[PDB]
Amino acid sequence: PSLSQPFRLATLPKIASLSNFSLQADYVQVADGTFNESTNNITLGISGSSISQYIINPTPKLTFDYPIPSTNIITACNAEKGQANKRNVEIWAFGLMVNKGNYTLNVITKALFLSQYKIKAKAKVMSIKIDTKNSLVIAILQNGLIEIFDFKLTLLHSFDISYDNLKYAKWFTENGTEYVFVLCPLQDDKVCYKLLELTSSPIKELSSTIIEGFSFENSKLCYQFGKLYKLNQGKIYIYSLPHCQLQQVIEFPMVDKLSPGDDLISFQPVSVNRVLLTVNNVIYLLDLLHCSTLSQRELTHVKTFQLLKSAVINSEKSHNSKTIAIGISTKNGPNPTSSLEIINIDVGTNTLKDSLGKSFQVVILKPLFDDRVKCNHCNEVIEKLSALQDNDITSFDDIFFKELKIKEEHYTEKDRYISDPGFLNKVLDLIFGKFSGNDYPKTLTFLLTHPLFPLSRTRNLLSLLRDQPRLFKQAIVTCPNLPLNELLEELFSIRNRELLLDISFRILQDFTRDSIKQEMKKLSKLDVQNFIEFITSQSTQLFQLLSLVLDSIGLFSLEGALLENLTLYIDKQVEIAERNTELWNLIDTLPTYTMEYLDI
Amino acid sequence: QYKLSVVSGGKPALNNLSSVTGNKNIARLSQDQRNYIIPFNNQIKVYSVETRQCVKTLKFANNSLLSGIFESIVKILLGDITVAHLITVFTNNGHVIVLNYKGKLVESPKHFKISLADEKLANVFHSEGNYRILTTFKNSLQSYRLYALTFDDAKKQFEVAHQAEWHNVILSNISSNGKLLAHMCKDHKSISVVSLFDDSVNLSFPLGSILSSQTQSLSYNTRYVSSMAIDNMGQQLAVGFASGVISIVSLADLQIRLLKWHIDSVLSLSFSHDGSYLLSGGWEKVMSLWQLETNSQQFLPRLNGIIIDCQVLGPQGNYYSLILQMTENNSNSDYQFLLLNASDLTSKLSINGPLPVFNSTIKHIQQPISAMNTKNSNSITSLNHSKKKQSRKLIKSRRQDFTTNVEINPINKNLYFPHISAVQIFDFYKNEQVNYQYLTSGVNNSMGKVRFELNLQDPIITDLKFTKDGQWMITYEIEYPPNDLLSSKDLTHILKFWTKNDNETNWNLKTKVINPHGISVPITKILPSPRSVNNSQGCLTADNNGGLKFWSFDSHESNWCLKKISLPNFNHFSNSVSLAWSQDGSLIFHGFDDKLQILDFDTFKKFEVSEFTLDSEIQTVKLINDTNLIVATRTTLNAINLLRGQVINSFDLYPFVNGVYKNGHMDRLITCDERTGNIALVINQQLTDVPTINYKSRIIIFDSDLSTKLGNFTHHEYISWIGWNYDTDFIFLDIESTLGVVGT
Amino acid sequence: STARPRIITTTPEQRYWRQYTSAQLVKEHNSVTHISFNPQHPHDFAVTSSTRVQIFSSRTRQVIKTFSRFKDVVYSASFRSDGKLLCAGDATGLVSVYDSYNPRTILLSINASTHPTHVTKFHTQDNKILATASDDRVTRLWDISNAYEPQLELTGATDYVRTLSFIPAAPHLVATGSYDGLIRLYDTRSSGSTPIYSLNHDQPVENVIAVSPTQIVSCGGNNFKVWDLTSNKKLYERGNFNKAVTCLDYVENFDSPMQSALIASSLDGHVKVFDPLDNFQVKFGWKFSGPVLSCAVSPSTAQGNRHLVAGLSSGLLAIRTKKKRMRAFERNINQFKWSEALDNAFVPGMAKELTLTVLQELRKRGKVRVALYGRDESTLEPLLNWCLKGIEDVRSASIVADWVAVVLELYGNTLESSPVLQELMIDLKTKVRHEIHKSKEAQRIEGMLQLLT
RNA sequence: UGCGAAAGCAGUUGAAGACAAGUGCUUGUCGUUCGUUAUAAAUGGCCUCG
């Protein structure tokens with residue numbers, strides 16, 4: 001999953017209504033019909049400016065514009081292509097608002113103006129759906145009236161939800177049938193949720209419920225695949241249709257730090273259980289199912305970015321993991337300028353593969369039993385060790401072994417309680433500061449044998465122990481997770497025979513053949529050349545290591561004079577080995593007339 | 001919430017006394033001869049012979065008296081002595097219980113108690129209203145007393161009176177009529193036969209007289225008697241020898257008659273009612289009818305187990321009762337009771353319990369005597385040393401794994417036991433065996449192994465698993481080369497894919513892979529693939545070298561083909577590897593030695609922290625849910641969130657699990673549900689004042705992340721294995737061959 | 001009791017084609033030019049040879065109708081879709097139409113041109129129209145009713161046109177391939193006489209076949225290339241052939257594990273099977289004595305034994321057709337006759353594989369030394385003779401080593417007094433030494449292979 | 001026998017009692033015990049129902 005750089009579609013006009021950035025998204029409407037995964041067009045209603053249709057690819061361009069008076073506010077806008085009485089046409093339905101005194105519903109038919117119609121709507125047109133199959137325009141009003149008109153804006157049907165001040169309405173299609181769910185605030189943070197099915201009455205009420213504890217004023221609402229997501233006070237509440245029962249709650253810590261009032265938050269669904277959350281100029285692609293931050297991107301060149309709409313992928317049925325989202329970006333500067341910007345989004349495969357280690361959520365051994373059978377204080381010790389004077393080996397070792405009741409200088413299974421990484425790392429830090437030069441405490445020997453030796457101190461560890469052969473030897477044999485590069489450079493640098501053998505075994509034991517080859521190519525031609533000379537002067541692992549060198553050298557780099565010698569050396573080792581084999585397998589494994597002298 | 005309850009049965013009960021032979025079988029056929037009564041270690045079952053189904057079941061757990069009393073049954077007698085479906089159970093301690101079949105158990109049976117003074121009841125028998133009881137009293141030879149038992153109505157008590165006494169009884173046998181007793185003593189030895197209810201028969205003679213001279217020159221096996229039998233009339237006595245020679249003696253004049261077919265120690269000898277036929281059985285796996293007028297012989301070979309005991313059971317000899325052993329499983333003594341229709345020698349009724357194969361021997365299981373000491377048998381001298389060694393191993397030694405692999409069928413919920421070279425399909429809902437299928441080559445039923453052939457090892461099924469769909473069976477086998485050969489050290493590793501339809505009951509082999517992953521490399525771990533990937537027809541196989549192979553079933557080939565491979569040629573060998581697959585199937589967790597790797601399935605390679613170092617070797621790696629992964633190392637267990645990559649909880653297993661078990665057994669001891677949570681099982685030795693053979697088990701239910709303990713339950717015996725049934729309940733197998741269940 | 005377990009002793013597409021085992025070779029009097037299969041049951045196939053056309057019965061695999069009225073060399077025997085008619089071409093240029101299985105009646109005789117007419121094909125979709133191509137380089141489209149003038153006369157070929165194909169689902173489309181190296185497409189709905197467009201093969205076109213409605217496979221020169229008309233370009237090209245590919249045939253929806261097969265003659269004695277689903281890749285092939293000029297297979301709905309037919313310049317016709325108790329040693333082992341079972345293993349005319357099994361069974365049985373106790377030099381040699389040859393084989397190499405050691409450990413002193421057995425060991429020494437020597441390079445070579453990777 | 005990988009790495013195979021044979025002495029044995037992690041070989045091979 002990844003988030004691209006936004007690219008500009010258009011620059012918003014400098015209108016007073018659009019000057020208030022916090023409400024700017026409210027003044028820009030995106031048509032649901034024209035904005036989806038497969039459509040290359042976006043129809044956008046900019047309040048006081050126009051309703052404009054743009055093509056996105058290959059380059060953003062304005063294809064159509066319908067001007068609107070500056071004093072009018074676009075509350076709902078939709079555009080859909082279909083066949084009308086038959087000609088291929090595009091139907092645009094929009095609602096405009098003049099000072100709250102009069103409310104206009106407008107329908108325009110264009111040939112792919114064929115017609116234009118305008119009527120007075122009783123209350124705020126909030127959601128508009130176009131049914132090209134039946135040539136119907138369905139308008140939901142804030143007073144709760146759902147009115148079905150024809151393309152000529154002749155009222156065919158009217159339905160009352162019995163609740164006013166409707167605040168959220170969303171259309172969706174399931175199994176080929178059209179549905180709409182509407183939310184109406186009630187007092188004391190109560191909400192009327194009504195689910196309606198579109199089919200004597202074409203509108204059938206399927207569900208009606210009252211939800212308590214549901215505030216709107218600070219609540220951000222979106223819907224996708226039967227799930228309603230509500231972002232409020234840094235918590236995302238996931239409700240499930242058709243009963244809109246609260247299914248889960250996700251705590252999102254990175255919003256909890258936001259001061260209420262200054263931070264501009266926008267939110268959309270982008271795929272199954274995947275959402276996009278923008279805080280000021282920062283953008284997050286989040287997986288709600290696994291509670292992970294799939295992606296993050298900061299727009300340094302803009303003060304804020306607000307989402308308007310996103311083309312949602314049904315990843316369960318779609319092999320496409322790629323979509324787009326549209327929003328408003330507001331720049332930094334004394335004269336801020338707002339522009340429409342589109343972001344290319346890779347949601348991903350919707351697998352647990354994507355979400356690992358990306359959680360947005362931020363030890364002591366516990367007995368098995370609380371309470372006649374055979375049996376087979378970190379901070380305090382850290383402080384005691386730190387209080388010791390510099391270069392006091394005896395006191396350091398005494399305190400460590402006695403306080404931790406350790407009996408052996410090497411790690412044993414009895415020392416499990418000590419395995420907490422935090423305590424060990426501090427002890428390592430103390431030893432380095434406390435002791436320098438040629439004398440180290442026995443505590444290191446214990447720590448080297450420890451399986452949970454921190455990875456952070458692995459680097460240069462062999463370098464530190466070069467001076468003491470024993471400490472160096474102990475590290476190779478037992479100390480875990482030693483970096484391969486240090487082992488290789490140290491292998492070709494050591495002239496001591498014994499350490500060369502142990503290192504090769506440790507390298508070959510803990511690293512795959514493929515891994516070791518690549519580093520060994522980086523090694524200089526001279527060092528490898530020196531190494532080969534040493535072999536000329538358990539051994540099978542070393543010989544196996546030699547075979548590994550030869551490939552890393554490559555047929556080209558090999559030089560004839562040396563190769564003749566090595567050819568001689570191995571040939572002598574051939575007959576020695578073959579001779580040995582025969583010895584080993586070896587160790588596994590009447591006459592008619594006779595003349596004889598009797599004894600008396 | 002959860003609760004534990006025993007479900008299945010156990011092994012059939014046997015009269016496990018060394019001296020007693022010819023009478024090991026305690027089960028009794030009804031007087032109407034329509035149903036068979038079999039006492040088990042934990043239950044008594046009544047099977048109608050005609051339908052060959054268990055008509056009635058009587059659990060000691062249900063009855064308070066039986067629960068308190070159960071000590072093992074020494075005998076069953078049809079009807080009631082005190083007084084038409086009554087039976088009397090005599091146990092070793094002396095409790096006499098009058099119980100009823102064909103009906104409902106009465107919660108107040110006529111419990112009684114015979115009074116014995118430091119005597120262990122061995123046998124009881126009757127002819128017409130008269131009852132004698134044989135008892136054991138204490139050179140390593142047990143002595144015996146014959147008492148007279150009668151019930152007095154006035155006191156309602158069983159009064160016991162002394163008749164006879166014998167010392168250092170080596171071997172003993174009772175006539176088919178139940179009226180004559182033949183026994184051997186060291187007073188080397190002497191055989192004496194005595195009438196029980198009368199003084200008519202009283203004879204004795206040294207073993208030397210019947211014993212021949214050439215055998216005297218030969219080894220002790222020829223002089224060693226393995227079985228004896230007495231005719232009802234007492235005129236004939238058959239003695240079997242370890243060498244496999246049978247010898248009939250005429251008691252009137254001590255005339256000897258040799259019948260020699262068995263090549264190994266004859267284990268069971270029994271005379272027919274008239275005395276014209278002699279039944280013999282031994283290691284040959286073949287029952288022989290010796291026709292004595294002509295010394296002809298007929299053979300019923302091919303039987304499942306060697307013949308421990310054999311009898312003629314009927315007023316007219318209509319049926320034969322046989323006892324089979326299945327010596328292949330050295331860990332446990334696997335007894336199977338066969339009732340054959342004498343007319344046609346066909347199985348009228350086969351009875352057995354679950355047949356798990358434990359990793360090591362348990363309690364006091366000893367291999368049967370054979371001519372020579374082998375892996376599957378003990379020589380004459382080897383018996384005492386082996387018994388002492390077994391006891392001292394159970395006491396002093398610390399490796400006490402006694403863990404068995406068991407598998408559960410998703411489609412049928414049948415229980416699969418990987419027997420040696422074979423699989424038992426056992427239905428725990430009905431507590432009856434449904435099938436026994438041989439899944440390997442080898443000398444498995446081709447014959448009865450004898451003498452050095454008994455040293456041969458048949459292929460061993462190490463790992464058995466099903467696919468999630470359940471229509472496929474993956475099996476991993478190890479074939480051991482014969483000894484005394486150049487290629488005597490190159491074990492062969494085999495993998496087999498099997499199928500069957502739901503209606504069909506026998507798996508048919510679909511593909512065979514010889515030497516997977518190369519030569520001499522064991523398949524230490526196998527994991528069927530989840531439903532998401534290849535709709536449950538894939539699998540993963542993992543070695544001790546860290547190599548992984550992903551196989552899938554290809555429709556085009558119609559066969560199983562190697563889709564992916566990762567062969568990092570590591571040089572260190574460790575049998576401690578664990579494998580887990582995420583439910584979505586995207587990723588695989590592979591714990592090898594002390595380090596865990598997260599490998600992406602698509603690339604089948606490490607993720608791009610993939611590496612998790614642990615304190616010690618991983619025994620088990622499992623994910624209770626997609627979020628959390630539970631990893632068990634030999635010193636502790638740790639719950640990690642993959643989401644944040646940190647340990648939630650850590651529990652120290654060292655005090656209980658240090659070296660008691662070999663690596664890999666924590667996999668089968670640790671079980672997980674896919675909905676509610678997982679379970680940890682720990683078995684400990686109970687010792688009062690040096691360790692004792694009896695054990696105690698504790699099962700603990702843990703939630704996902706191991707935050708809390710849902711429940712903690714205690715069982716009185718070693719729970720060999722525990723697994724998660726596909727229902728919420730978990731099934732657990734106990735070394736008593738007892739399958740209980742823990743569930744809501 | 002239980003019955004006795006009985007002693008237990010490539011690609012699916014390849015295995016299917018292997019089932020055409022029955023091979024019959026027939027000789028014709030001149031080069032066999034064209035081979036056709038009747039679309040209708042019994043799907044009898046026609047061969048064009050010399051001055052005659054012969055119809056062969058599928059089941060009998062023998063000539064049933066002989067058409068000898070043709071005067072000069074015959075160049076075609078194509079049937080109509082119904083199969084009730086068959087059309088043919090002659091060097092004189094006259095094209096004759098006969099009733100199939102009725103040689104005598106000349107139903108329609110048309111003189112296409114003075115030049116030879118090499119290709120005559122009934123239109124698959126439409127029966128009444130018959131297309132004729134000639135050395136005049138005009139591919140006239142004739143009608144059964146109109147025998148005096150062609151319905152249409154396609155032109156534009158500057159060289160010999162010897163290939164004519166009708167595209168399924170596109171009856172109007174006609175494909176022509178000339179020795180120009182150009183494949184020309186025509187629409188009969190239009191006025192015609194001019195190609196819709198030309199496809200360049202760059203080499204003389206010997207046969208053009210429409211594999212599918214949108215895909216057309218053209219075999220010309222040393223390679224065959226598949227062209228899609230929608231893209232108007234060659235999707236794929238295979239040039240494994242060495243001689244110039246001559247004839248090409250395609251079958252679909254037949255019972256093989258492969259859905260569709262493409263058989264291509266090479267003229268180098270090879271006809272090879274290509275699978276369209278896997279990008280027309282080589283899956284099978286056969287070799288013949290000489291150049292292959294014609295190849296054919298039974299149509300999809302054969303309803304009987306399938307037939308593969310190959311035509312050679314020598315006149316040879318090859319037909320490959322796909323037609324639609326316990327042993328002694330087993331007794332010895334079951335009867336525990338260990339020594340005799342080993343004797344049965346080394347008997348004249350005994351399969352090597354079976355010989356291994358009995359030896360494997362005895363070893364698995366734990367009966368090895370026992371089988372060899374009662375033996376001398378006379379009865380030991382047969383085992384040794386087998387051991388001398390078995391050592392070469394990889395599968396037996398481990399087994400022979402096992403057996404040889406036991407007899408060696410068991411018959412030391414006997415070997416001393418027996419000179420014949422000694423020589424058997426000496427040659428046994430040499431061969432194992434060679435087997436050592438052969439193995440020794442193998443470790444050298446395998447390591448060498450490792451260097452490159 | 002312990003550990004481990006399958007390769008292998010270490011460590012064991014003692015004492016008493018009784019019996020038999022041969023000549024108090026010698027040898028061999030143990031349905032005898034205590035302690036340690038701790039060749040075989042009585043001529044003797046698998047049913048029938050097509």
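Chains as they are written, first to last, in the numbering used here: chain W, 1 to 600; chain S, 1 to 744; chain Z, 1 to 453. The beta carbon of each residue, even a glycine, is placed where N, CA and C say it ideally should be.
Under the Cβ criterion (8 Å, minimum of three pairs), the region 675 to 685 of chain S does not count as touching the region 415 to 428 of chain S. If you draw a straight line from the Cα of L338 (chain S) to the Cα of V160 (chain S), it comes to about 35 Å.
Under the DSSP assignment, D131 (chain W) falls in the beta strand (DSSP E) whose first and last residues are 125 to 131. Between the region 317 to 328 of chain Z and the region 19 to 28 of chain Z there are three or more C-beta pairs closer than 8 Å, enough to call the two in contact.
Under the Cβ distance rule, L65 (chain S) does not count among the residues neighbouring chain Z, no pair being separated by less than 8 Å.
For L451 (chain Z), the chain W residues whose Cβ falls inside 8 Å of its Cβ are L550, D551, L555, in order along the chain.
For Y654 (chain S), a Cβ of chain W is located within less than 8 Å of the residue's own Cβ.
Looking at the DSSP output, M228 (chain S) shares a beta bridge with S:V239. Around the Cβ of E50 (chain S), a 10 Å sphere holds fewer than 16 other Cβ atoms; the residue is exposed. In chain order, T66, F67, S68, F70, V74 place their CB closer than 7 Å to the CB of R52 (chain Z), counting only its own chain and leaving out the 5 sequence neighbours on each side. Note that the region 386 to 396 of chain Z does not touch the region 497 to 509 of chain S; fewer than 3 beta-carbon pairs, one per stretch, sit closer than 8 Å. From the listed residues S:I640, S:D667, S:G9, S:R145, the smallest Cα separation to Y429 (chain S) is found for S:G9. Just measuring C-alpha positions, the residue of S:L579, S:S18, S:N359 sitting nearest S143 (chain S) is S:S18. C387 (chain Z): member of the alpha helix (DSSP H) spanning 377 to 390, first to last residue. Contact between the region 408 to 416 of chain W and the region 437 to 452 of chain W is present: three or more C-beta pairs spanning the two stretches fall below 8 Å. Around the Cβ of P291 (chain Z), a 10 Å sphere holds 16 or more other Cβ atoms; the residue is buried. Annotated as distal: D136 (chain Z) and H118 (chain Z), with beta-carbon spacing of 8 Å or more. Taking a Cβ-Cβ cut-off of 7 Å, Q474 (chain W) has no neighbours in chain S, whose nearest Cβ is about 18 Å from it. Nearest CB-CB separation between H572 (chain S) and chain W: below the 8 Å threshold. As DSSP reads the structure, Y416 (chain S) sits in a beta bridge with S:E407, S:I425. For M473 (chain S), there is no enclosing alpha helix (DSSP H); the residue is part of the beta strand (DSSP E) that begins and ends at 472 to 479.
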